[PDB]
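A lone chain, given as structure tokens: the form deposited without the partner chain.
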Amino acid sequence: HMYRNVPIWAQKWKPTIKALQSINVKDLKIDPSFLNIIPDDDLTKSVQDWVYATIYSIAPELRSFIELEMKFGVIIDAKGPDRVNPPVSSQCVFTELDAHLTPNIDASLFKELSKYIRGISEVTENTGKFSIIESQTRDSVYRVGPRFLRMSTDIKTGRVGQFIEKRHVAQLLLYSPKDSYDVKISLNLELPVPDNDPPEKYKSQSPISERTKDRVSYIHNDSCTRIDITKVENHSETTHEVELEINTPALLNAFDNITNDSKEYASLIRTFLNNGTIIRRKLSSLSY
């Protein structure tokens, strides 16, 4: 598990993740179930299985370069410009060949959600739970041939922050018909470029694409989550992006402990989705 990687189509064990035991809460009024457990709902079990399969398919040395993120926007199918409209009416994993999501949320909604999140961060009873990080970076993509290298530059001190090759490993599309946006959950790799020097080699040539990002990040260490709210100019097309990202460290430690003690892995996933849902719901209630 820790020291191997197997392709998704060849994996045979799925770790058992047990349901939350009826917590030690004041004797409730109603048992949660006749077994006295709270079974995970179907979408959280799916995500738990998918995230485990996809990590277990990447080479152990590559695993600390994992980024697991949820991005908001609308799922569009291969044929039609409009949001997909399967015959379902509650949230679910959406599996249609060529369906895609481009992260982007209405500008007005983005500014009311930013105020909401800023307001939640300043309530005096939760102020030592969040930290706010504001940043402005220019990401430029260079082709080597053919590989695409992304170099990130901070606006103030034009020092190259990150120099990497980003590889898309997998994505789930969550169709959310009660909501004004759907969500894509992505597992990418951000692999640091090797021996190729950043500043020396590519200051000279022209990127094939440049994105400027103006971003406010809210880090909530107690739920292992970060919320990133960004205005991006895509060279120029503007998008407004809202992302939730899980802390990699904590993810890799939970995944390494899955045989030993499934419970850490299972409530990391549960919280990530619970944070996701709060944002999704707040964006839908602001849309009225």
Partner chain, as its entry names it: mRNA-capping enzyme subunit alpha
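Only residues modelled in both forms are compared. Residue numbers count along the first chain shown, from 1. Under this definition, the rigid core comprises the largest set of C-alpha atoms superposing within 1.5 Å between the forms.
The same protein has a further form, the form solved in complex with the partner chain, not shown here; the description that follows concerns it.
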Is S108 part of the interface with the partner chain in the deposited complex - any heavy atom within 4.5 Å?
no
Determine whether any heavy atom of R143 comes within 4.5 Å of a heavy atom of the partner chain in the deposited complex, and answer yes or no.
no
Using a 4.5 Å heavy atom cut-off, state whether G128 contacts the partner chain in the deposited complex.
yes
Should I155 be classed as touching the partner chain in the deposited complex when contacts are defined as heavy atoms within 4.5 Å?
no
Looking at 201-209, 100-108, 68-76, 128-136, which one sits within 4.5 Å of the partner chain in the deposited complex if you count heavy atoms only?
128-136
Core-superposed comparison between this form and the one not shown: the option from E200, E125, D98, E134 whose CA moves 2 angstroms or more:
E200
Taking the rigid core as reference, does the Cα of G276 move 2 Å or more between this form and the one not shown?
no
Based on a C-alpha change of 3 angstroms or more, tell me if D256 and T16 lie closer or farther in the deposited complex than in the shown form.
farther
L252 and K14: do their C-alpha atoms lie closer or farther in the deposited complex than in the form you see, with a change of 3 Å or more?
farther
Taking the rigid core as fixed, pick out the runs of 3 or more consecutive residues whose CA atoms all shift by at least 2 Å between this form and the one not shown, and give them in sequence order.
7-23, 196-200
